[PDB]
Amino acid sequence: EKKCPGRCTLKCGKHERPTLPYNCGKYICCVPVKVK
């Protein structure tokens, strides 16, 4: 359940990125994704 335009829990930090569970958001990913 994503609530976009910028969400993977909240907005970016480490490797700032769209759609991958990654480095910025490891979670439900739009583009201002959270963190690993």
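Regarding how it was determined, this PDB entry cites solution NMR in its header.

A. Quick look at the overall build of the protein. A count of helical and extended segments in the protein gives 0 helices and 0 strands. In terms of principal-axis extent, the alpha carbons of the protein reach across some 20 × 15 × 10 Å. Within the protein, the proportion of its 36 residues that are buried is 19%. For the protein, the computed accessible surface area is about 2,700 Å², with 55% contributed by carbon and sulfur atoms.

B. Broad picture of the environment of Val31. Overall, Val31 belongs to the partly exposed group, its relative accessible area being 42%. Sequence separation between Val31 and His15 is 16 residues, and the spatial gap between their C-alpha atoms is 11 Å. In contact with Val31, other than residues within four places in its own chain, are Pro5, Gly6, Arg7, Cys12, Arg17 and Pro18.

Quick notes on the rules
- Residues numbered from 1 in each chain as written, not as in the entry; some residues may be left out.
- Heavy atoms only, no water.
- Helix = DSSP H or I, 4+ residues; strand = E, 2+ residues; numbered from the N terminus.
- Buried < 20%, exposed > 50% of the residue type's maximum accessible area, 1.4 Å probe, protein only.
- Areas by Shrake-Rupley, 256 points an atom, 1.4 Å probe, with all protein chains shown as cover.
- Contact = heavy atoms within 4.5 Å.

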